[PDB]
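# Experimental structure and its sequence below.
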2 protein chains.
Amino acid sequence: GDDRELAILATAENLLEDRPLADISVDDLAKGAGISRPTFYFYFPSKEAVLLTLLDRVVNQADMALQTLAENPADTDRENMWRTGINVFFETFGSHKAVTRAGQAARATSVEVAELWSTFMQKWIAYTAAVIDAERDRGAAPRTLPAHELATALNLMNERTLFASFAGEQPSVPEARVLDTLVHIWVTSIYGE
Amino acid sequence: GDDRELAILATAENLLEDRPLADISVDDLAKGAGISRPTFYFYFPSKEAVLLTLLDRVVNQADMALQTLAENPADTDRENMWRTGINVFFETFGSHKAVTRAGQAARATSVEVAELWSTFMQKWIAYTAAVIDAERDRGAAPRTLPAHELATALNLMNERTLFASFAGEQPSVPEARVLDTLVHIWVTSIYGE
Ligand SMILES: N#Cc1ccc(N2CCC(CCC(=O)NCc3ccc(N4CCCCC4)cc3)CC2)cc1
Ligand SMILES: N#Cc1ccc(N2CCC(CCC(=O)NCc3ccc(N4CCCCC4)cc3)CC2)cc1
């Protein structure tokens, strides 16, 4: 039941490795899921709601992993705490690159994709700013920019850089170098005076 | 002659303040330019080639201003040299926000918009990396990350942050704060050890 639903999601994610949402039909999704076209429409109002759900699941998987990290701190130096947190996004979205690239293209046309994006970007920026403020209160980082504006620009940087890398856009940081590159920019901008 | 062409460009830019490319018709563009629809097609193969040209002009205006800056250095402290260079992008794209937002949405669907983007992003990253390498050779900045990977991530950050600000996306750095925010991240990541 939820079984046919998972099959429809697994098929869309496999086909999105191969072509854009525009070149995938509902019949392709039903064919791969082993169901009819009207049975598809029982589970999803459209192929776009299928993308929306896949993106929702990827975003919630990152959010949950971050929640886990936050509750039980990886005890390590400061550099490593930031590395570990950015790696959540690198590994989560990096394990679903076709969803990430399709979700990105859809932010342009879909009001629901734009809102899901915006809700989670705000949540992760607020968390990031809470960590920078924690570090400033303990005296580990200087009071330079407003924490919240710093956290917005660093999160936007990661979103754009991670996503260019995963799509291999011209130009982009190679995926094997993108984590070191981001952590250097984060640690220097947060701790630097 | 080039006169009717400018009129068609000026009309598209005015209408793009109001609605997306999808909600602008060739007849709207011809109506605003004071010409017929077939006379439009003489100058532009499509409304999309009109957007492509407007974006091309905005990108070339930024590039030329940067070329001017590069030939005659604004003599000032290091922080100010970076501020002045990023301000080229803030002022240029910031003076054509509807073109910038429409061009951005089109990168998703248009192969020619994607290539224009990619050509100039590479050129400005290469220039940025040349400046970081100049600073390292003179001993003013430490050899930390590869200059070119650092320059890719900082340019991607600016592209994403400037464009979110100009569109007032939720979330974004307020436009009155975005220049200070970026220059802090640049100067700390470039000079910080
Ligand atoms: N639709 C959609 C959608 C919504 C949001 C998206 N993204 C927004 C933000 C992007 C980058 C954010 C990002 O890279 N966040 C960095 C971050 C998060 C948490 C932490 N810590 C350190 C201490 C312990 C853990 C907490 C440190 C750094 C990743 C992609 C992307 C897509
Ligand atoms: N289509 C298209 C398209 C193509 C490229 C686009 N962008 C790409 C890069 C974005 C940000 C780049 C950006 O902000 N560049 C920063 C930069 C450039 C030059 C310098 N200097 C300092 C010393 C003297 C002058 C030279 C310093 C910083 C701005 C938007 C945007 C759209």
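That came in fine, so what should we check first? Residues are numbered from 1 along each chain as shown, chains lettered A, B, ... in the order given. Ligands and ions are numbered 1, 2, ... in the order given.
# switch to C-alpha atoms for all contacts and neighbour counts from now on
Will do.
# Please name the nearest non-neighbouring residue to the residue in chain A positioned nearest to ligand 2.
Nearest to ligand 2 in chain A, going by CA to the nearest ligand atom, is residue A:171, at a distance of 10.3 Å. Excluding its sequence neighbours, the residue lying closest to residue A:171 (CA to CA, 6 or more residues apart in numbering or on different chains) is residue B:122, at 6.0 Å.
# Which helix or strand contains the one you found?
Counting by DSSP states H and E, the element that carries residue B:122 is helix B:111-137.
# what separates that helix from the chain centre, distance-wise?
Relative to its parent chain, helix B:111-137 has a centroid offset of 12 Å by CA atoms, centre = their mean, to the nearest Å.
# and if you look at stretch A:126-139?
Centre to centre, stretch against its chain (CA atoms, centre = their mean), the figure for stretch A:126-139 is 22 Å.
# just stretch A:41-53 next, same as before
On CA atoms, centre = their mean, the centre of stretch A:41-53 falls 20 Å from that of its chain.
# same thing with stretch A:169-184?
From the chain centre to the centre of stretch A:169-184 is a distance of 16 Å (CA atoms, centre = their mean).
# and it, anywhere near ligand 1?
No - judged by CA under 6 Å from any ligand atom, stretch A:169-184 stays clear of ligand 1, getting no closer than 8.4 Å.
# quick one: the strands in chain A?
In chain A, no strands are defined using DSSP state E.
# Quick check: the residue of it nearest chain B.
residue A:157 (4.1 Å; CA to the nearest CA).
# circling back: tell me how many other residues surround the residue of chain A closest to ligand 2.
With neighbours defined by other CA atoms under 10 Å in any protein chain shown, the count for residue A:171 comes to 21.
# ok, now the one 5 residues further on?
For residue A:176, the neighbour count with other CA under 10 Å is 9.
# what's near enough to touch residue A:174?
A:165, A:168 (CA atoms under 8 Å, 6 or more residues apart in numbering or on different chains).
# Quick check: it vs ligand 1, distance?
In this structure, residue A:174 and ligand 1 are 16 Å apart, going by CA to the nearest ligand atom, to the nearest Å.
# now that residue: how far from residue B:150?
Distance of residue A:174 to residue B:150, computed by CA to CA, to the nearest Å: 12 Å.
# do the same with residue A:105
Computed as CA to CA, the residue A:105 to residue B:150 distance reads 26 Å.
# is stretch A:142-157 anywhere near ligand 2?
No - looking at stretch A:142-157 against ligand 2 by CA under 6 Å from any ligand atom, there are no contacts, and the closest approach is 11.4 Å.
# can you pull the buried residues of that stretch?
Within stretch A:142-157, the residues that qualify as buried are A:142-143, A:145, A:147-157, counting by 16 or more other CA atoms under 10 Å in any protein chain shown.
# Please consider this matter closed, and thank you.
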